[PDB]
Structures are given as C-alpha cells and as structure tokens.
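Once you've had a glance at the structure underneath, I'll fire off some questions.
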Protein chains: 2
Amino acid sequence: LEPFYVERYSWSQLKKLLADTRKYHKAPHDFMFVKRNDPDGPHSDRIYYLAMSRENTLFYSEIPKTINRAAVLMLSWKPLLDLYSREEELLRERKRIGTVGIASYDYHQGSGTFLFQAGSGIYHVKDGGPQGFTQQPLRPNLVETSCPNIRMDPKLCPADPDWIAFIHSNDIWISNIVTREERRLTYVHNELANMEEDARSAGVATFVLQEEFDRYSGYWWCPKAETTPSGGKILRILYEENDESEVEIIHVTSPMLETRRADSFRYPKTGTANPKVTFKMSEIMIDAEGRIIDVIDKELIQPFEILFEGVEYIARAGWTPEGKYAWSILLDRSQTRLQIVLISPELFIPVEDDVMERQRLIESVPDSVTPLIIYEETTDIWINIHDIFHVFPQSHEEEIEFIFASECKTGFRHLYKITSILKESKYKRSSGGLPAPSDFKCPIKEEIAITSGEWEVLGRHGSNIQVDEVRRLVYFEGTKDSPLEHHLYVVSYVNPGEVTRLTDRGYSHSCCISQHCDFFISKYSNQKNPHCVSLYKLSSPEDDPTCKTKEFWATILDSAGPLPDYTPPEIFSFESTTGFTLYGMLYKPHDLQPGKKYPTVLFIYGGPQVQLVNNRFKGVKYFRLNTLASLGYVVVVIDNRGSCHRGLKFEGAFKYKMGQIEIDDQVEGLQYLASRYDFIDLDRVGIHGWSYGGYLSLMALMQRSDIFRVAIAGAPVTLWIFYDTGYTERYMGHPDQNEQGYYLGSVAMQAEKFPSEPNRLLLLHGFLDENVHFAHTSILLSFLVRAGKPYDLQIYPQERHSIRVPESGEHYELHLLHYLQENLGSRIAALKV
Amino acid sequence: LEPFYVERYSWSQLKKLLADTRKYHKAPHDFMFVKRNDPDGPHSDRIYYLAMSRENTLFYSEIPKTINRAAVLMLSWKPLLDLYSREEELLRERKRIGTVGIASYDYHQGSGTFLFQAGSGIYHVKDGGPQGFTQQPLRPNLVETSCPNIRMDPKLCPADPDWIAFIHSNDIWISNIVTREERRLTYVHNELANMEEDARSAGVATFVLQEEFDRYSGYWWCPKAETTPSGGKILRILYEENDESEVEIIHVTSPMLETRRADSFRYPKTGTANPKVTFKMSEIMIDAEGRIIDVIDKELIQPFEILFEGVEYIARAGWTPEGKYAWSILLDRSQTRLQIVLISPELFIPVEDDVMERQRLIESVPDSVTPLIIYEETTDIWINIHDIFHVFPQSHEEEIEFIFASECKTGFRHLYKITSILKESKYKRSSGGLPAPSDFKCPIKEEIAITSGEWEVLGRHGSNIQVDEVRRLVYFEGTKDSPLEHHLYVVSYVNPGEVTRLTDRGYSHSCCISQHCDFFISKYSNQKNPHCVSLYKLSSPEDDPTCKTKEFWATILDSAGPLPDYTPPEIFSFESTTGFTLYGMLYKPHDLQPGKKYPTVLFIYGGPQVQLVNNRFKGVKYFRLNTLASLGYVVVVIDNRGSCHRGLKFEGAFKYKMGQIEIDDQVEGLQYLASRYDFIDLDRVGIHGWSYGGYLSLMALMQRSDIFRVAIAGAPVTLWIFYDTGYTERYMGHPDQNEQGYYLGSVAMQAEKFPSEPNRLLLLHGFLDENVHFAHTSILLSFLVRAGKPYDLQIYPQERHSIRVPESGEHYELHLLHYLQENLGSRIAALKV
C-alpha cells in the first residue's frame, strides 16, 4: 500500500472549515397524560411535556379521540406558559443538564396545580383540574418568600396542594401558596457561619449521591394526611440529615478568575469518611382553616448505625402509596449488600433535650415496632442502583407485595414479584442490647421471576417500569431483542411467560407510558436516522385483556430526515480471545483511494455505566468523528469489557483491575479491522477520549508505545486515590485491599513509562473541574517534569467537567484537528519523526 | 546570504547535551572587621564573614600587621563553628535567598556576642570581645524556648547583649540568653484563630514592604538603655503594628498538591487597601539582677493619620545613635513625597483601657513634644527608596546633622550633608484641632551637596556609605567612571571637593569597608573573568588626611580562571532616535560561517530597578545564552529606557506608559546589529524573558507580529490591575486616573492582537507563583480561547516565582531549546510555515 497524507490546512482555514460545517444543525421530555373526561369534545387526553421552543418551557398538545388513518397527524405544540447561583451551577453539573429554563416540574392530578422552579423564582399555575383546560398560554403565579437566598428542590404536598416544601440554605421550608404562610422546619445550618464550622444539612443529597447514585432530593412528602379530632390534619416530611464534619475539604478555583480565590468543597476522597447520615421526620399539625398549629421534629428511637448495622449510603427513599410505611434502599460501603427497608413513623420520637423525658418517650414506643428488612441481596461483583421499585396496595396487614429488579440471581437485571412476611422482631429494646444481624429480616413468602434470559431490563437514565394493576401487567425497557437496541416490552406479573415487544425493530427507543396505560411515547433513532418522538395508542383484543398491541397515533416530533454532509459509521463485531462478542463503530474515510492506507484515530470511553456502540443516531454528539473521516482519518470506536448493557459478568471484568484490560480489547478490535481492511495505517494510530476515556488514552500510550503514535487525554483520572468513594470503591474496593490495583491503575504513579519523544502526549482539562479535579493533571505533569518527559497542554479556564461555553468547544475542536493533522496525518508529521 | 539551520537533536539527545555541559561548573559576604589590639601579636585585625564551605556558615581570617610585598598572600579560611516552615519559605522568596544555612548574623562590638538563626534554631557564640579570640572552632549555643512554632528575625539588643528579640506567630518576644527568661511583649495575633478573622501583626514587615521596598523587619532595639534609681534599666523596642483586616484575600495553591487545598494570603491589589499601620513602643523594665521587673506597652499620643497626614508606607525606620529620637522614612501612596521624621519616645503614652485615665495621661505629655519632619522631598516621576541615611552625634540640642541621598534635586542620586533646626512646633493638642500639613516641618539650616554629575550614587542591594567621622570623609559606590562598572569612591563631607576613585577600572566591584575605614574588600569581575574577592588597605599621607590611597593586601577568593566552553558576549551601544545611548550584549554564534545568516534569540527583561548589560561575569547566571550561541543562535540583550543605573529621567521614560515604549528600543538595537553584521537573519527572530521579561515578550509578539517569529513568555504579568500596590502605582499610578495606561499595558485585555498561526506563542508559569499569581496566565488563556488564538503552555507545579527544584530547571532548559529548534532554528521549522 502507499500512505495517504491529510491536506495541511492553516489554523485560520481549519477554523473556517469547522465553522462552515457547524453553520447548520432538545426533544420533548417529562411527559404527563391528563384525561379531559368531556363526552362532547374531540380530545381524549392532553399531554404536557418540557421542550426547547431558545429556553426550555412546558408545552401541551391535544390527543384526539380518533384519527384519519389515511394521513399522519403531527400534533402542534401549544405553549402553556408566558414568561446562576453557586447552588444552581453545581446541581446542573451533577444532573448533567445542558438546557436553560424549567428543568423539571411537579403536578397534582386532583387540583391541576403545576409547581416549577424557573430561574430564581418558584411559580404555580393550574390546568386540567376542576378549573378546566386553558386554550392559550397561562401567566404563572410567583410564590412569595421572606427567604433571602435561592429556593432549591420545590415539591407539592401530595396530600394538600396548597402546601409546598423547598430547601433554603440547607434547611427544609414549607410555604402555603393560598395563605401566603411560610415556615422553616429544620434549624440545622446557620448560613451566616463559615464552611468548616457548620458542615450540616437537611433534605439535601450530599455530593457523592448526586454524582455517583443520581439521587438529587433528600426529603419526601408523605402521600397521605392523618386527621386530627377537630377536623384538621397532620402532614409528614421524611428527610435525611447529613453531617459532613469528618469529610475531607477540597478547594477548587472560583469561576470569577479576577478574584483569584477558591471555593471550599466537601469531597469524600477514596478511603476517607463519607458523610454521617440518619433519617428524621417533621410532623406538621394544620388546623381546619389551613394555618400551622405546631411543627414537631422527630428522630429515630435508636441511632441509625444501630438500626441499620453496616449501611453507609441511603441510595433511595420514599413512602408506600398507602402512606403507612416509609421505605428506603440501603447499601453497605463495599456496595455488595443492598437492603429494602420499611420504616414505621412510630419509630420516630420527638427530639428532646431532657434525658429523663426521652427515656419516657422511648418507654412509650412498643417493642413490636421495629425496622422491617423486606429484601436483601449480595454480589461478588457490585450492586448497580436503579429506579425500579413498585409497592402494591396491602391486602393483609402482615404481608407487603412489590416488584424489584436484580442482577444478583441471573447475572442480568430482571424484574421479580416478591411477597414479604411482616413478622414481629425477636429483638426487644427492653433488654437494652444491640440487635443481631438477622433480627429485622423478613421471611420471603414468594419470589416469582417476571423476566429472565441473557439480556437485561433497564432502570437508569429515566428507564423504568409501569404497572397496570387492572390487567396485572408491567411495561419495561429491555435489551432482549439486541444489546444495540433498547425496546419497550410488556408481561403479566401474576402468571409471567411470553414477553410482548411493542417498539418496531431497527430503532433504539426511549419510552414513556401514560399513567392510564392506554398510550405510550417513543423517542427512537438509528445509525442513519435522527431522533423522532411519536405517540402510540395501546388497545387489547376484547377476548384477552392480558394481550396488548400498539397502533401509531400521532407524531410529536418529526426527524429532519437523513442529515446530508453526515456519513454514518457501520457497526461491526468480533470474537475476543476472552470469549465475548465485542461491538465497534468504523468511520471509513470519505473518497477512499484504493492502493492507499490512512491514519487511524481511535475515539474511546471504555468505562462502566456507558455504551458508545449501539444503533442510535451519532450525527448530533459525534459529528466530529464524521468530520475526521471527511479529512481522511479512519475513526474507530470499540465497546470493550466493562461497558454496560451486556450483563454483570461482562461489566465485572475489570473489578480491582481498572486500566489493565480495556486497551487489550481496543487493540484486539483495532487488529481485527486491520486484518480486514488494508486501508488502515497501523503505523499512524492516535487515541483520544474524555474523562475515563482520557484516562485510557494515557494507559494506551504507556502500555503500547508500539501501537498508539499520539494520545489526547481530556480531564483524565491520573490517580484513583483522589476520586470519590461512591465510584472508586464500587470497582476498586478500599485501597488497603487493592494496594497493587490502585498502583497499576494510576497513570501519574507510572510517569517513567511515558515516551521520551515530544508530539505524542496532549493533555486537556477544565480548570474549574470539581468532579475530576485539575490536580489529576497538575500532579501527573509534576511527575512528567521529574521524569524529564515532554507533554503538550491545553487548559480551558472557564470550563468544569463538561464544556458549556461554545468559544471553548470551538477551540477544543480547532486545536484537536490541527494537532492530529500536524502530529499524525499530514506529510510534515512523518518528517518530524 | 544563505540561511543556517541548527542540528535537529532529539529530546533525549538535547537532554544529554545539556547534562554534559551542566556537569561542569557562593563568594563570601556580610564581612566584619574586629581589631585584635595585640601590640605584640602579628595580626592587626580578624575579619568575620559568611561563605559556603555544602552549608553557608561563619568563617574568620587573620589580617597580618605587615606583608611581604614581593608575593601574594591568600588568607586561609578558619571555620568559626563546630558542625522549612511556610513563613521561612516565603521570607526566602521575598529576600530571593538560594543558599541554605546562615543567611545573616548580629555582633555586639562590646561583648563579642554573635547571634544567628540557622534552620529553626537560634544560636550565639562569643569571639573578639573582652574574652579574646578562638584559635579553634566554637560550638553554637542554642537559645532555648517554650515557643511552639518556629522563631523568625532574631536581633541582639545593643544596649545589653544578654537580651535578644524575635517574632513568633506575628508577636514580638524577648529572651535573656543567660537567665533563660522568655517574655512575650505583644498580644496582637491569636496563632490558633483563622487568618481570615485575625490578620493583625506586630514587629513584622507586611508582604508589599518585603516584596517592593526590600524591608524584611518591623521592630528596632533602642541602642542605649536608660538607668533606674534602684540600679536596673529601661530597654526600649520601636515596632510597626499592621492590621490587614481590610486587605483583599487571595488563594494560592498549596505546594502539597495531594491535599488539593489553597493557602489564603493578603495581597494589596493595585487600587485596593494597603494594611492600616502605626508605630508602638515596648518599655521593658529590668532589675539590677537582670530579671524582668515589668513591661509597659505604649501607643502614639495621637493616631498615625493625624501625626503623619499622607503617609501610606513606612519605608525605613530605626534609632539615632544615642537613641534620643527614633527616626522613619515615610512615603505618600503615589510615592512622590518622601518624608524623614524624628519621633521622641515621649510621644508614646501607656495603652490604657480606661477612657478617663487615658485623658489624664494625654494632657501630662508636653504640647512642645511633637513629630519633627527634618527633610521632605517631592518628584513628579517617583521616589526610589534606598538604605543610605547617616545621623551625626548631636552637637547643638536644637539642630541635627545627617547625610541623605536624592534624585529629586539634580535628576541623579547624590549625597547631601543636611543640618535641620528642631524648632518646637506651633500646633498644640490643648487647642484640640488637627495640625496643618506644614505644622511639624523643620527649617533647613544648610544643605551641601557632597556629590553631583550625570552619574548616580548606589544605595540599593547592599550598596551603602561608610562615614569616617575622624577624617570627615564618606566612602560610597557610584557610576561616575561608567554605567557598565560600579566603583568605590571617597570624598570629604566638610569641603566636598573632587571624588577619589579607589577601585581599578576594567572591572565592576561590589565593596565593603572596615568600620575603622582603614581597609576595604572588593568582589569584582568583568565580562571575561569570574568574580574575585581581594582585601585592600587604605592609607593617607600624614601631610593631608583627605588624600586616600589603596594597596593590595591579600586574596580572600581567587578567580576560578577564565572558564573554558564559555565565550563571553561583546558589549555594544547605539544612539537611539530618542536621543539616549542604549547598551547591549551580543553573543555571536560560535564557529561563524562566511556569507551565512543565522537565527536570532533576543533575551529581554526591560523592567525598572534592573540592568542586564554591564561589565560583570555572565558565565554563571546567563551560561545558557552562550549554550544557545554554541548551537547556532545569535543571542542579543538590550537595556531599553526604564532600566536602572542611568538617572531618574532615563528611568521615568515609561511613567504611566509601561509596555508602550520598551519594544521600540529592543527593535531599534536589533536593526542596528542587523546593519553592521549580516549574519543576523531578521526573518527568524525569537524573544524570551521571565516575569517583566515574559510580559515584554508578549507585547513584542502583539506589537511586532512581523519582527518576532516566536515569543516565550515566562511567568508574565498580563493584567496590571492584579499586581500589587507598592510597584504598580509607583509607575502606572492609581488605575482610576491612568485608565488608558492600564488598558494599553495589559496583554490579556488585548488577546485579539495575538497571532492566528500556532507554534509562535509559549507561556511558561510556576503553578504556585505567589508574586505573579498564575491567574495572569490562566486569565490570558481565558481571553485567547474566546479570541480563537492558539497557544502552547508549560506548567511547573513545584515552582513559585523562582525555579528551585533542579529537575524543574533541567526540563525548562530542555523544552526551551527544543521549542526554539523545532519552531525557529532548524529547517523543519522553515517547512512548518
């Protein structure tokens, strides 16, 4: 063969090319179905959703009772409405929200009350309650406040839509939107105090639980209100209280660089103490008229450590829908033992200073009342937290039924219907001892598996189940038809068997089912077609309600249609020497000259909880992998072992071994291609990735000087001893029980292994990164300098983990092309060597 | 004219080249003469001095009463002795100490008591006092303490050498070194309280005073002790007391990168508040036994803003020889108004909590007693502070004679013998008003200029004046013979005639004159010969005491001989279009070729207070400029207008106009060289400097995008609003009244002016730099990314403003050479364009 050299564009010509290709180019979400219940009118439902017009607001569309099955009905988007703090900027990093405006909302089917934060303000309108359905945009009603700082995480009370709660300065507040009454429920954080002195918070999820467990709230309204004798009621808020006094303090640069100051930050470094956590409960007494009689604040009868021995993370929490028990999913620190636990409000006593008054209240509580561990699972690998957990109405007082999902039985996540016996505990507090390990555990009456197979149910990033308690069905999202396509399925939970698919093959679907289970919405795409949102109607043959079929109904969002100037990559697979099928994407270069070999650029992530290779449209996010092909680079992407959507066995492959397996799969796939395509120049191969991808880019250059000419590492994790507990320990365990794994997985501990030629290493970092701190890069550079190695370095001083400012994104793309051109593809590059 | 191209060495090759040449390659200082008074012994004096054996410690040599004039005598060095915290590490950055061991020392003439810090320890020995002279090394006596943290800045009481003082946690302590008694004199700083809430100090110079006024001390012993009736005595200490509570707080990265924390410290940013400062005095009453009886603390009778209207910085301070008055040099904030001031101890009243006893104490002090301004000068350029100031024993008790130095009168710094009348002031505290700005001023009886001419007396960086009161002479260093050589001069202060030069021309000398004025020591070098140190004997014909002659006496340190593998540069000069002569240094590329033109690297500083071109040995400091010449680069260095040693008009050139002029001079001299020598390729010129030098490198690349191919900016000031008060306001003035100056002199405010070609800009910065904070670089990167301009960046995370870690230095030289080779010198560099 004969080497292809990429054209040598100037920095200003490359800026032009990139700007011209970009000169062209968020879909609906948070859907809600509301019945009109109007016989005379032509509309059966009204659907509300968030979407970009620009800013992000509530829209609505009208679901008609029938359709012209000749034509395609495209629903019109009626606008519903007529319109950053260091708390807003940090939360919108933890959720990975790129949008601006309304991020989420809250609704009360009874009242028709919408409640939503929008900038610094909290608003509320009504629609679809007794007050009817607007035919034009509504003007929102601002909630009044005496509070001086931004109100975070507003929630409607499900039992009373006059009452909302919110967090201000790390304490829970309630406000009545009709009576204008306002009230602070917790006095845990002085806002005037400094960081080190206070370090306490109520109703807020701590950093680790937003970053690594995607849980953002830490208080939960009780769904039912209890009546006082004189025609009032009691409302309940369960909340987690946090004390981060032992948690290590990090400083990270304040975005306003002019100040030259840093922001204090609680970061549980791997090995260090996580925050101290316990449950609490506010009892709020309301009189008949809707004003606050009194607010009792209640603590657990015994300490948290005693009742929930071994629990470190409060992964999830809420209420049974009866309002009877507060439930919670709890992990041990190793993230190998998960427990579902019911907690009676009778476990909470009022907080008292008097030692003799508490011992009085303690005596009042009976020994029968005790935490109930309705479920427990263990794994030699790790427990992946998900959002799937459905509690049924209680038939007998002494059983609870529920659906949960687990990778622990099969090696693959499946739904399971479980009945638990609510036995009274062996243990009595009377004895005055610390309860045994299995003293609170409930017997398992039945454990019916609703699904099974060499495929998994999805329960993260908004994937979930939807139970039809009438037809005794459960809709879920799965990889049953393929690992590269997510599809909607339905199945009986009473007598499970056949698993009916509802989405059409050849597309990967993100799905949302009406609360009435008579409609669903699919956001679907494939490698060649950009995302469409469509609305399908569910009906059953009248001989068997257990059986469900779909009928396309109306389009909510039409695709722009196979984008021109974009050549999609072709998916491939190959059998590993490890006995797994690995999948990849190949961007062949545009205008393929026969008799020529091209420089190959391997883009990588390779970390857990992620899959790059699937049948989705990569034209939006990975448009620049296409642009590289248009300049005459081969671009390769390989989902190596540890990637998600392949079962726990596949994922657990790098437990304790991070950075020691992923590249051997990247190279195995990179060679399977070279053997099959003589147009791949293995002498000019570069690797680029961000975050975990940037990590492996550096491992690629240490482990394999031979294969990879240049590594471009963005926000790389150079030192696992610095990452947080929630993530690092899930995969690497405590650094005492993996001395060697932490050493071999930390690229900064191994700077001598880097090349002694320049123009091979390029390091990129967000200067204000609060997730992968900039000290990963600053400490690797320190050891490269000692080892007399050379590096190239671009800092993005306004950026954090993600790149938000576009000027930054443009510079990153411009530099990356120029760098690959100057140090890989072009003629001048081969001369430099 | 054929282009020469430098041999493209690899990164590993270039590292070897440097390590090989680096494989090849401190003189004595702090000299002090003690007379032996041995009429029968062969030795007249014994000199004590600090030098490197290895550690830096005290040595002595013997001065012969007589010498064989036929031969040279080389004095053998006898060792006198028998063998970092955060605040000791910052002091060494402010002083710019590289050496380890003993930095300075004290000596009580009467007792023979030495006193010196060495690491954490404080030690004393005796030699040359009543107790005679050691023939063998003495053992250092540790001053014991109860003080937890390290002790900074020890000083011997001259009025009793049993007592010493020192600073501990920003308070003044005294310790008797025979009774081991240890007393704390000030209670202004809580070591355990956080620095944000404390920010008060006593006896310490604040940051700007150490950085910009090279004053490293804030307390002063009274040099005589008043006697008591019982037979004890009163010792006194004058001390500056600062409050940094209103001074902006900055965060620099902690050097322990593992912690990912930042150290808070107080930085007076241009235009913000300098610390509130005042004078105080500690009266220590000691008994006849030597035990402390009592300690009264005393404040000024009126606030510092009243007694010293206008004074922003206390520049220097101390006591007159009898200790009748304490004196102080005082600047206004614009540093255009120097005042000298006498403050009687009688101005200080005991500090009393009672509001009514303090009133009885105020009236007790006479209204006659008042601050005495004995000298005031003003300039529309600015005041350069200096260590020259001499007060004569008082003859008339209403007059005071002294010697000061000033550029204000003639435009060059010259000595002046001044008598001032101490007329009791008109202002009275009884009247109870504030004084007019002229009320403490003093009539000026005479003012005889001792020197004059277009050349300056030197009074910075250890240059000072020795004063023979017996013969009424004053020895001083000056630029009279040339700007490129410093020389030792002597002249009468009674009948100031002509100026006898004592040093030999053809060399540049730093000098040090026996307190007896019968000897002097010169450390001297020239462009070709490394620094020597010789001892000369002063002699006068018995007919005329003014006539002064020298005679070589002994070698203290022999030259290392002319170094091989080092060609020196040749000094040049050129008439500027501005009218001034400018000097330069040319390193011709070793092994010149006929007809061939070579790549050129201009090393630059160009800031004030510094001259790079002079007749001193550059073989140590600028060794690598010659290493650049040995590879093929022409190397050029020019002292543009602003640089020191050429008078106040030459310096004042860039008042308010920093950045706007300097490069015109650098390019003028570059073109002068290009006309006379045709080997200077002007199509291949790089510029490189550190700090101000890196600043001008960035200005050269904006302003002259045509003359300069690459710029390599080290630790460069990019935003004058960020730099400190005492420096920026001295030249650029307050920012709100020179708004255009600050804009035009700030490269980051002009990022659009930078090239759009890559491989032309290199930013180098110490990550922990606390002087030119790394925000200068990060904010400039901020604006360069916005503007879409390319840059190369290198960080040194171990280093602050200097480069101390040897591995950081090796990597800097190696990158600097490779970047020059790959982007300026070689043929591949010509292909890149």
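Residue 1 is the first one shown; counting continues down the chain.
If you check the header, you will see the structure was determined by X-ray crystallography, 3.2 Å.
Note: Cβ is positioned from N, Cα and C throughout, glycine not excepted.
Sharing the record's features from Swiss-Prot:
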- B:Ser691: active site, charge relay system (ACT_SITE)
- B:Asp769: active site, charge relay system (ACT_SITE)
- B:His801: active site, charge relay system (ACT_SITE)
Need one number: the Cα separation in whole Å between B:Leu83 and B:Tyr84 across the 9 missing residues.
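Cα to Cα, the distance spanning the unmodelled stretch is 20 Å.
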Would you pick out, from the active-site residues B:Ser691, B:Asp769, B:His801, the residue whose Cβ has the largest number of other Cβ atoms within 10 Å?
B:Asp769
Could you state the whole-number distance in Å separating the C-alpha atoms of B:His801 (active site, charge relay system) and B:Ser691 (active site, charge relay system)?
8
In this deposited model, 5 residues are missing between B:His25 and B:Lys26; what is the Cα to Cα distance between those two, in Å, rounded to a whole number?
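Output for the chain break: 12 Å between Cα atoms.
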Can you give me the CA-CA distance across the unmodelled stretch from B:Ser53 to B:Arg54? There are 3 residues absent, and I want it in whole angstrom.
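Here the Cα-Cα span across the missing residues works out to 6 Å.
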In Å, rounded, how far does the Cα of B:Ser691 (active site, charge relay system) sit from the Cα of B:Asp769 (active site, charge relay system)?
11
For B:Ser691 (active site, charge relay system), name the DSSP secondary structure in the helix/strand/coil scheme.
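Coil, per DSSP.
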